[PDB]
Structure formats: structure tokens, C-alpha cells
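Chemist: Next up is a structure, given as C-alpha cells.
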Amino acid sequence: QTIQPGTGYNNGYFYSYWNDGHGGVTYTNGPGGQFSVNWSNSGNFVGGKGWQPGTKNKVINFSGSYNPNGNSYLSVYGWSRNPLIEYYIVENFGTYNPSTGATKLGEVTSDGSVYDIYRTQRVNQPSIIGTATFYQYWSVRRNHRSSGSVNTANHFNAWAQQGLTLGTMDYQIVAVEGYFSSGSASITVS
């Protein structure tokens, strides 16, 4: 069903849908690990399905149609606690590279493409534990795609070699994120 922001479980999978209060987003949970997000002049939003909690060696599969019209990402996305980290393995994005302005730390090859690695910091921002300052870890895929498999261990290990460690995992999903743009997407996770 089409729902407003919230988290829960649907057809065997965890889901998380969040937005900044701006309208224009239509998030809908479907059968199994499927969800769709259609947005028209949204603000910032993040929604998708997966697991609560995630693991440090999960092989995540995704497939679907991803049609962003502006700033948007398609990523394996999740968090850990102690340390508090928001991480991304970006498989596809629209008109804006999320690593713009960030300092590159290295490169890792996984699942058919090179990824560039970066760390950024969010200061006094919303998080799974409320307002907080925390780091974000990024693997940005060079060869964009809308379906495939992500061996998360390759990324977590690559990050660890650069000193980017993860705490106890919280949720881990395949998420569509948008930032003041429009677009359409339908994804199935497994």
C-alpha cells in the first residue's frame, strides 16, 4: 500500500520511508521485497526495503526500473550504532554525484565495476537516534545500473582498510533517495 513516512515489516522485509516534510512523494510497498516510489517535485526523501538488522556480509540483490529526473540515488543504504554511521553503496544516481566536494580515499572493484570511496560528515542532523553529528561512508559505482548483486563485504572491508569502521548494524535496505526533484522507480529486493 501507499503509505506516509514510517518503518515496519512488509511481506518478509523491513522497510523504511522517510522524508523532510515536503510533499510530492508517493511511496508504495508491494509483494515480497518490492516497493515503488513516484515523486513529483519532492523535497528530500529516502525509502526502500531490506532487513533490520543488516549484516556485514550480506549479498543483496536488486532489480527494477529507475528513472530519476534530477537529484536522486539508488543505493544499498543503512546505518550502524557505536559508531553511528549512515552508509551508501550507490549503484545509480541522477544529475548529482553524492561525492561532489568530498575527499576521495580510494577505489575498490566489486560486482562488475570500480567504486570510488569517500567519507563525509553530517553535523547536527536528523538520524536514527535523533539530532546528531556523524560520519557517512560512500562507495560510488562508476558504471551505473538498475539491477544486480552487491557483495556488501567487499565494501565494508575496503572502507575498513581506509579506517572507516562500522558499529553494530541497524537497518540495511535498497533505497531510492531524492532531493528536490522528480522521478519514478520500482525496485525488488532480495
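Here the Cβ is made from the backbone with ideal geometry for all residues, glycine too, and neighbour counts use every protein chain on show. Where a number appears in this text, it was derived from the coordinates with a stated rule and is not lab data.
Chemist: Which pairs have Cβ atoms under 8 Å, sit 6 or more apart or on different chains, and link a residue in the stretch 1-24 that is charged (D, E, K, R) to one that is assigned to a loop (DSSP other than H, G, I, E, B)?
Modeler: Close Cβ pairs (under 8 Å, with a partner that is assigned to a loop (DSSP other than H, G, I, E, B)) amount to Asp20/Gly43.
Condition check ((1) of a type in the set (D, E, K, R); (2) surrounded by 14 or more Cβ atoms within 10 Å (Cβ to Cβ); (3) out of contact with any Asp or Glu (no Cβ under 7 Å at 6 or more places or on another chain)) across all residues:
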residue	(1), (2), (3)
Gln4	no, no, yes
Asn10	no, yes, yes
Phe14	no, yes, yes
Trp18	no, yes, yes
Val25	no, yes, yes
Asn29	no, yes, yes
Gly43	no, yes, no
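Chemist: May I pose another question? In the stretch 130-144, is there at least one residue being aromatic (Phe, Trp, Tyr), closer than 18 Å to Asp20 by Cβ and part of a loop (DSSP other than H, G, I, E, B)?
Modeler: No - not one qualifying residue is present in the stretch 130-144.
Chemist: Okay, next question. Can you work out which of the residues in the stretch 117-157 that are basic (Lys, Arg) and touching a residue at least 40 places away in the same chain (Cβ under 8 Å) is surrounded by the fewest Cβ atoms within 10 Å (Cβ to Cβ)?
Modeler: Per the stated criteria, the residue is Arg145.
Chemist: In this structure, does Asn124 turn out to be part of a strand (DSSP E or B), out of contact with any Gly (no Cβ under 8 Å at 6 or more places or on another chain), of a type outside the set (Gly, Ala, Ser) and on the phi > 0 side of the Ramachandran plot?
Modeler: Against the criterion (part of a strand (DSSP E or B), out of contact with any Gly (no Cβ under 8 Å at 6 or more places or on another chain), of a type outside the set (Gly, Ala, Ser) and on the phi > 0 side of the Ramachandran plot), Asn124 qualifies.
Chemist: What pairs come out if I take residues in the stretch 169-190 that are touching a residue at least 60 places away in the same chain (Cβ under 8 Å) and over 15 Å from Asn44 (Cα atoms) and pair them with residues that are of a type in the set (D, E, K, R) and in a strand (DSSP E or B) whose C-beta lies under 7 Å away, six or more apart or interchain?
Modeler: Correct list of pairs: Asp170/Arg81; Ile173/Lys49; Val174/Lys49; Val189/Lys49.
Chemist: Restricting attention to the stretch 158-182, which residues are among the aliphatic types (A, V, I, L, M), surrounded by fewer than 23 Cβ atoms within 10 Å (Cβ to Cβ) and in a strand (DSSP E or B)?
Modeler: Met169
Chemist: How many of the residues making up the stretch 59-89 are more than 16 Å from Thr188 (Cα to Cα) and within 15 Å of the chain's Cα centre (by Cα)?
Modeler: 11
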